[PDB]
Every structure is written in C-alpha cells, then in structure tokens.
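Pasting in a structure now, in structure tokens, and then I'll have a few things to ask.
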Amino acid sequence: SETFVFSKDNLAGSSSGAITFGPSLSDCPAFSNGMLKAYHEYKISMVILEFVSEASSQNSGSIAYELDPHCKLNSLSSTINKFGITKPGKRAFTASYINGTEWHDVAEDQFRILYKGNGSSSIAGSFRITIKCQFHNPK
Amino acid sequence: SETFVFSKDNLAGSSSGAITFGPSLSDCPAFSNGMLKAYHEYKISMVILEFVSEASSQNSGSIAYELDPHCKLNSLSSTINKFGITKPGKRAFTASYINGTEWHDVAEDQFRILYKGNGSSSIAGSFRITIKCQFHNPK
Amino acid sequence: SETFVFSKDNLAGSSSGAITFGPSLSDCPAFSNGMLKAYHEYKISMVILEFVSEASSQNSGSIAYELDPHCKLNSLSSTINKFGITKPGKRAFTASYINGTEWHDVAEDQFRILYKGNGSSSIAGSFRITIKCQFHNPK
Amino acid sequence: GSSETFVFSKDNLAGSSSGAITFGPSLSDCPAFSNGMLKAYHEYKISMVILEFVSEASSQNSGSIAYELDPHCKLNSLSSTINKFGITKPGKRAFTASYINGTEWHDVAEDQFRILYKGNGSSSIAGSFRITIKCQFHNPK
Amino acid sequence: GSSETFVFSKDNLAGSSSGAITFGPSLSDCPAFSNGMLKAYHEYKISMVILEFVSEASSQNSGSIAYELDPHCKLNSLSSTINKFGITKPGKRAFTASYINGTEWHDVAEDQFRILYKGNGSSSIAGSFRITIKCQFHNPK
Amino acid sequence: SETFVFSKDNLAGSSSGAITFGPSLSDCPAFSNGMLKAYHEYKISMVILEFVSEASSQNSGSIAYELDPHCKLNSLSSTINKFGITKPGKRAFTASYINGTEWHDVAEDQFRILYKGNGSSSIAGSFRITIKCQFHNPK
Amino acid sequence: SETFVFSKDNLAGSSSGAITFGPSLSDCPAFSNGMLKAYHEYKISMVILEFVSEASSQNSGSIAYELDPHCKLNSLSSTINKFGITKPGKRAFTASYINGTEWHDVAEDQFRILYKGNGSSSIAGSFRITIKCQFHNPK
Amino acid sequence: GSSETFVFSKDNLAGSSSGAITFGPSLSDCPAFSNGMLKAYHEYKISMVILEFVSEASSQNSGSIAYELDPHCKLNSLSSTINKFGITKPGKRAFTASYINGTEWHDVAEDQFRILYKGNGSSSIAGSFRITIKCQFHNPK
C-alpha cells in the first residue's frame, strides 16, 4: 500500500491541460517509468489534490478541475468544481469516485483530471497530487 | 439513487428490437437526456422487466428476451427465456447479471435487452421497465 | 431523492439577475429539459448556495442575494444577505425557507434567488448551486 | 370535519374513447359529490382514491386503457402511457394522499386533481371505471 | 338503503316575514340535500323532523311565529294559527313519520311536505329556524 | 413567533364587512405595517375570535361570521355560526381551518372573516382578535 | 420574542455616525414606524453586529464601534473595539451589556452604537444588525 | 420594608366621562397612599394591581369603558381601545409586576404608572372603579 507525492508547478492562469494517472504520467518520473514498468496490476485508491496559491492577489480567475474516470474527455466540459486562484484548496477523491475498485493493466490509464484556468498569464499556483495506490502480481 | 420507471408500448407479436440501457435509451427522456447529462458515472443496480399482456386471449406466440450484458449482439440469438403474450410476466435482474458491479461513463452503454416475438402482427403487450439505479460524481 | 449541481459563472460585479428553480432554469440543461419534462411533481428540499471568489482583491463591492419563495419579485429589494466579493461564502436553505414542504407541478416555478451586485464590471466570482430535490408520480 | 366515502362509476368506456375525470366541483359523474357536499362545506380534500377497472369485455378483444394522474389539472389529454390496465382483466389501483395532492385543504371552487384515460383498443365496449373516493370536509356553510 | 341526518338553518326570520320551506327537491336552504343525495337516489323519505326556534331576539320584542305542517304541498301561505312559538323563548317540536307523510317512498321529483311560517310581531329580527331532518334513501342511481 | 392582539370596535348591529388577515389588515398597524414589511413568509397558526357585548340587554339580533379560508367571497353568504349580541362569545380556529399549514408571501392574503349582523343600528359590541402567528426568512 | 434584521450599507471608510435603537431607528422602517408605534414596552435582549467587508484590500483603516447604553454620547470617544475594514467581523451583545434587563417606553431610546471610521472615502463595507427583542403590554 | 394593601374606589364614572388615574404621589382618590405612606418612605413599588369594575348601571344602558395601562406616564388621554369592560357586567383584571413597571424601586417624587379610562356610552352612571394596589415600601424617612 505505497504512496506517491508529486507536484505540477508553474500552472499558468489560462493553461488548460490534463493529468492522466497511469503510463502517461510523465510528470512523475518515479511512477510512469518506475513501479509501472515492473508490475502488472495497480489501482489508485485515493487521490488528494491540493491547490497551493502562489498567485498574487491581483490575479482574477479560477482553475476548474474535472475528474474523468475513463479518460474519455480531451478537454474540460463542466466548470463546477473550481479553486479560486487567490486561496488554497484541498480535495479528496476516494475509491468510488476515480474508478478505483478494480485492478488495471499498467498499459492502460485509470483516470484523468482535466484542469482549465481562465485567469491571466501570470503564475497562478501549484498542484500537489498525493496518490495512495497499491500494486499486485509482481513482475 | 432513484427508481426510474418507463415503458415501451405497441410491441407487435413479431416486433424485433433492442433496448440499450445507457445514453441511447431514447425511450425515457428522464434517463438519457436527464441524469446522464448531469453525472459522469452510473450503475443500474436492479432491473425489473414486466410484460403487461394487451393481446387477445385468442392469439398465439410468445416474446423472447435475451439479456446481453456487454452489447455484443445486435439481434436476438437465444430464446430460452420468454413471456407468453397471453399471460402477464415479471422478471428480476440483480446487479451481477447486468454488469452493475462497476461504474461506467455516460458515453458507454452498460447492457441491453434484445426482444423479439414470434407471434402474428397483432398487438402483443407492453414492456414496463423499472431500473433502480444510482449516480456519482456530478458534472 | 436525487441531487443536482450546477454553476452560474462569470458573475459580473454589477450584474443583477434572477435564478428561478423550475421549468425556467435554463442554466441547467439537465433539470429544465430533463427530469421536469418527464415528471409531474417535484420539490426542492434543500438548496446549498456557495459563492466562490474568483475576483481580484482589488474589487470593492458585494453580491446581495434575496430568497423569494413565491417568485413575486422581479428585482432585489432588501440588501441584507450578502457575500463579500473578495471572500468565499456558503449558505444552506432547508425545506421551510424555500417553500419546499409540498409538491408542485413541473409547469410552475417553486422559488427564486435574486442576486444583485454593486461592484465593478470585472469578474466577481461564480455561484455553485446544489439542489437536493425529489420527484414523484412518474410520467 | 366530516369523513365520507363516495363510490361511483363511469360506464361504457369504449376501447377507443378517451376523456378526463376531474375530481371536485366538476365531477359530473357523481352528482352526490360535485353538487352535493361541496355546496355544504368550504374545504374538502380527497384523502384516498381506489380506481378499479371492471372488465365487461370478452377475451377476444385486444387492447388496454392507459390512465394518468394529473395532480394540478394542467393536462387536457393523455401524454405518456406508462400505467395501464388490460381490457380483458379486472384491475385495481390505490392512490394515497401525496399522489393526488390531498395533503392540503382546497377551496370548493378549485379542481383538486384529475385522471386522464385513453384507450388503444377497438371501438367496442371495454369495461367500467369504478372510482371510490374517501374524502374529508371542513368548515360547514 | 342509506340513513342520513341533515341539519340546516334558515336565518334572519324577521317577526313579520312569512314564507314556506318545502322539503325535497326544492329545499334551497340546504343544498346538501335538495341538490345532493336526491341526485344519487331514486327514492327518499323524511322519517323524522326536529324543528327548533333559536330565540336571538331580546325580551322587549313581543310576538310569535305560527308554523303549520302541510303534508301534501297544496298550501301556499299560512291559513290557521294554532301551533306557534314565542319569539323570546326557544322552542322545540318533533314531527314523526305519519305527520309528514313519511310512510311512503316518494320519487325525487316530488315535494314530500312543507312547513309554512308566518310572523305576527314587529319587523326586527326574531330568531332562527334550525331544522334537523332524519331521512332514508333507496335505489342508488 | 408572537401573539398579536387587536380589535375592531363600534361594530353596529347591522355592520357588514370583512377582516382580511394579511397585508390588508389595516386594523392593526403592528401587523400589516410592521412585521409584514420585515419578513417574507408568515403563517397564522391560531386565531382566537372573541366578541365582547357592549350592546344593551334590550336589543335583539346576532352577528354572524363566515371564516373564508381563501378569500373568494367578498360578502357574507352563510350564517351557520354566530354570536348573540347580548352574550359575550369566544371561538377558536386552529391551523387547519385557516390554511395555516403552508406559508405565504406578505403580498398575499391568507384568509378572511366576513362579519355581518342582522340587528338594529345600535352599538352591538367589539371584536377582539388574537392571532398567534409565526414568521420566517427575514427581509 | 420576535427578531429583526436590518442593514446599514455603503458605510464610507471615514463616515462617523450613530445607530440608535428605539423610536429614532429610521434605518429600519419595520421597527421605528411599525411595532413601536403600536406597543408600549420593548426590550432589546440581544444585538448581533456583523461587519461584512465589501472594501477592497487596498483600503487602509478600521471602523471603531462604541456601545453606549444610555445615549449620552453624540460622538465616539474610545477607539478600542474595532473591525478591520479588510476582514469580516462578528460581535454579540447580551442583555447586560446593552441595558436590556428592564422594559422601556417606546418614546425613549434604549441604547446606541456609535461607529467611526478612519479610512478612505471609498466603500468600506456593510453593517448587519440582528436585534432579538421582546414586546409587552399590547397597545 | 413594609408590605401594604390599599383598596380605594373612584366612583360616579359616567359612561362618557374620561380621565386618568396616576398611581403614586398624584393619587388624589386615595389620600391614604398619595399623601400617606409616600411621606414616610423614600422608595415604593406597586407590586400588584387588581382593577375591578362594579356595574351599578342597569341592563338598558349600552356601552363600554376602555382602560389602558401606561407604564411610563407619557400618555395624557386614551389612544387605543383594545381592553374594555362592559358597563352592564362586573369586570376584573389583574396587573402583575412587569406590566406596571413594578420591578424597580422608584423615588416618591415619580409617578410609577397610570391607568387611562375612556367611556363610549351615554352620559348616565355606568359604575365604579375599585382599585386594590398591593405595594412595598423601603428606607423609612
């Protein structure tokens, strides 16, 4: 029942992107090219997403994050869940929310988080992702 | 968690078709055009399939139904389970039969019911479908 | 006992408008044209209104929201309940406050929330509305 | 208040004829209720309804009668066809208080609710609608 | 058959105003009976009548109200003045079956009997006529 | 929650009128011009209607009152309930009689009392009305 | 034991004034010209004073409020109790602090709150006053 | 302190005459209290008042007497007409401590409270106001 922590920094206020959890997570060199390449099954039981506000209080906007459990969206569609870029935020996703009740092959993504900001080009903050995951069937 | 009740009517004695429970369920606008556009995941925990016999007692035949759990069949193949078009029928499908153990994205069809009758062209009856289902991760 | 979540974004600091809950709620495509069109009775038991502060700290003003339980006001009259545009806010309305103790026909509005801001034209934040409602007498 | 039980019947429901039964001051099928107690009390509520279809049709007639319950009298004809009775088999259905907006006392000039019926069979006789309404009255005039 | 008890009141009986109360299809003072049960049953009979005068007049008003019982509806106004109530004192009178022709079932289009009242006092308010009719009904429509 | 006590005086033996409990209750400035301009909703849970007999014992007649729950009658129609103008009277109306089960906007008249007397033109008495009522959703 | 809520808005950062509770409270049309004019005794048991910060974070200053229980000050004297104009504040005054243990005639003030700001002329925020009061001896 | 009970009466209250009874140093109707104990004690409080109307008028006189309780002596005549007594029937009313500002000791030079009375009847005799005041005294002079 290991744990990983990584951070996507320098999130621009208007940058739109996707953080896919699986073989495509190049933002964490210790997960994509590490445990996955030497294992077969893995489930990401818990995802703690914490937005740390580096942005100046003079930046107007917000970062909306949409939690797609099947990687069937290439861009954000609903702007409901959002963090104000001026204040820190914390969010916890358990097993049921992120399709984390069954194993998956290390060649297939489990889920993704699509982030989209609508602020200025200045620095908006950082994303700290803590993934509590498990591995099975050692390779 | 909700209990959606809908129906398909004017099923002739020889009508052949498929009811795909998911985004293609145009029979019930309260499901395909409703909750499925307000959520990401859904699972159909129970399906109560009832056949109300509108047919005359002097008509012959029966309506067979196949419960395809993965929608790989586009037409009826097996006829082991059937309702006589002269007697009302009721059938219960729990989570295991209809792949309700796992959640699915609203762009994916969970399972389908292939229904085909062998009788004449007269009115055979109506299908009353009661899907007790849940939802998660609001859009 | 289903739940809906929707969001009215890009609330200008000086925009004045009304959010009516019922057939006129075009801000949520999954409620006005979804469940309501295929049901007869509905009561909105709980309304959680959360103001997320996207606005820069350089914006002076506030957004006053008035909860009219009979849709007899076309514009805000009392400026008591208000959110500072610089800080997040949360408010919970139970059954008694929003005339939510009896069913209503889907052709008639139940209540409305009139919002009025007195700040600058810049982005003031977003409104996140979580309506916990129930439906009865399937159509 | 006064508790009463009005049992009446709308007959000669052809398998193709459609209509609406409005409960309250427009209940022409039971003059004992529409023009009866409603002119002796200010407030009335229909706490319970028992709707029964007595099948007078023979086994050879194929069809059904679809009945829908409008609790606000804003529908003039049937729209959806979920609930239905077979024309060859007797049917029974019980509507409680919440289904028919019976939790609130109404002025006698208001129609509390209505039942819309529509047939999809032939033009012959299908059966009879036997309606039992258990009601309460308040504030005698 | 169905046994019912209809209690109603004709009010504002001035000490000088005279009139007639016809029991049956012309009982306008109690719409619960004239236009009520009479449209749900072919035959009705008024087994018992309790006629009471509630004296709302003060002791200073002098007079009386003379009431006569016509069991065949062939009288249009009071003729004799034997039975009477004092306007200052409450009065009670009980009419049994034979007095009001209540031994025979009548068609609902017929007036069973009537009570003619005539005052000989002043023009001020004298009291109220509270009428309780205990009746039976047969052959539901 | 409060217990407002007011009165209508100089009711002649033949005075005909209506007391509409709501914004049109000009008899008590503490109710129409007071709390009803500080709240949105109100319900009158109990009405104690007392008649104090100021009339001489040598005056005849009575005052009849009709408790219209929906204000559809603009004049007295029924006279089944009445107080003798020579004897003091008291009557109690609970929530069910006067439609107090539901709340109403302060621009709507809940119920009314139609009072009319048949006596002479002399002083008949006074109406003392005690409305035990509540309020909600302050303006 | 009724309750009132009112709000003094557009408090300038340098405005100095007094909020007197009684017949002189013209800021609340439902208290000065409502309940008081139709009653004799009244005591304001509790006063909840909440400062909502509408002011931009670029405004330097504070609003000092002094609670005079006998209306013997026409201007603020001590600057101890104060709210920062940049942040919300809440304060509760019980019966003993505001001379609220005995009734008073509706022609005499009970107490007053003297507010004085020393910031800029821009909008500094709003005052929300919730007075829980009681009335006696109906007029 | 000393507890006392002063029972007095203001008589010849015509059905049309109106006035005010101020309790304390201006209670001219009971010289035993206004000029009595108040000159022997610094502090007095009127803990309880029993106000009774003895009806000496005949049944023929129609009217009422409206009495209002001013607990701060800032009213000079009657304004509202909620509480009232019928002139033909004896009346009783009990004012406790809080109603008459009797929870605080007062200097003898202050009027604790007053009762304003106004009649709406004829000019004949209506009755008598019998007032019982139960009071306490402190700090003897």
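Using a cut-off of 13 Å between alpha-carbon atoms, which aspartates and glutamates can reach C:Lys87, once sequence neighbours fewer than 8 places away in the same chain are excluded?
Correct list for C:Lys87: C:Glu50, C:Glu54, G:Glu54.
Now a separate question. Arranged by the count of other C-beta atoms within 10 angstrom, fewest first, what order do F:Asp27, A:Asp9, A:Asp68 take?
Numbers: F:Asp27 17, A:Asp9 12, A:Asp68 22.
Listing F:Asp27, A:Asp9, A:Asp68 from fewest to most nearby Cβ atoms yields A:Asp9, F:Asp27, A:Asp68.
So, one more: Could you list the square roots of 5 times each eigenvalue of the Cα gyration tensor of chain E, that is, the equivalent ellipsoid semi-axes, sorted largest first and rounded to whole Å?
Each semi-axis is the square root of five times an eigenvalue, giving 29, 14, 12 Å.
Give the cross-link partners of E:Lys118 among the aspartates and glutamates, using a straight C-alpha distance below 13 Å as the criterion and excluding same-chain residues fewer than 8 apart.
Result set, ordered by chain and number: E:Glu68.
Here's another thing I want to ask about it. Distance between Cα centroids, segment F:61-112 to segment A:1-67: provide it in whole Å.
68 Å
Under a straight-distance cross-link criterion of Cα-Cα below 17 Å, which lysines are reachable from F:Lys43, leaving out those fewer than 8 residues away in the same chain?
Within reach: F:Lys132, F:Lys139.
While we're here: So what's the protein assembly as shown giving for Rg/Rh, alpha carbon basis, Kirkwood Rh from the mean inverse pair distance?
Values: Rg = 38.9 Å, Rh = 36.5 Å.
Expressed as Rg/Rh, it is 1.07.
May I pose another question? Roughly how crowded by other chains is peptide C:1-12, in terms of the mean Cβ count from those chains within 10 Å of each of its Cβ atoms?
4
Let me ask another. Considering every residue in B:52-64, what mean count of other chain Cβ atoms within 10 Å of its Cβ is obtained?
Average neighbour count from other chains, rounded to a whole number: 4.
Continuing with this model, one more query. Please tell me the relative contact order of chain F in percent, rounded to the nearest whole number, where contacts are Cα pairs under 8 Å and at least six residues apart.
On the way: 357 pairs, mean separation 66.6, N = 139.
Relative contact order comes out at 48 percent.
Give the relative contact order (percent, whole number) for segment E:1-94; include only Cα pairs under 8 Å separated by 6+ residues. Write out the running numbers ahead of the final one.
Values: 87 pairs, mean separation 26.9, N = 94.
That works out to 29 percent.
In nm, give the distance between the simple-model label positions of B:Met46 and F:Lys87, each being 7 Å from the Cα along the Cα-to-Cβ direction.
Simple spin-label model gives 6.2 nm for this pair.
Stokes-Einstein D for segment C:15-139 at 4 °C, 1.567 mPa s, Kirkwood Rh over Cα pairs, in µm²/s? Can you show the working numbers first?
Working: Rh = 15.3 Å.
It comes out at roughly 85 µm²/s.
Let me know the mean shielding of C:76-88 by other chains, meaning the per-residue number of their Cβ atoms within 10 Å of its Cβ. Mind dumping the intermediate values first?
Working: counts 0, 2, 8, 6, 11, 7, 7, 2, 8, 3, 10, 7, 4.
Per-residue shielding by partner chains comes out at 6.
For a quick check: sort A:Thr94, E:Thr88 by the number of other beta carbons within 10 angstrom, fewest at the front.
Going from least to most buried by this count: A:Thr94, E:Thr88.
Mind sorting C:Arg91, C:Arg128 by how few other Cβ atoms lie within 10 Å of their own Cβ, fewest first? Walk me through the intermediate numbers first.
Details: C:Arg91 14, C:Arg128 21.
By the 10 Å Cβ count, ascending: C:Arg91, C:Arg128.
All Cβ positions, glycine included, derive from the backbone under ideal geometry; neighbour counts span all protein chains shown. Each value in this text was obtained by applying a stated rule to the coordinates, not by laboratory testing.
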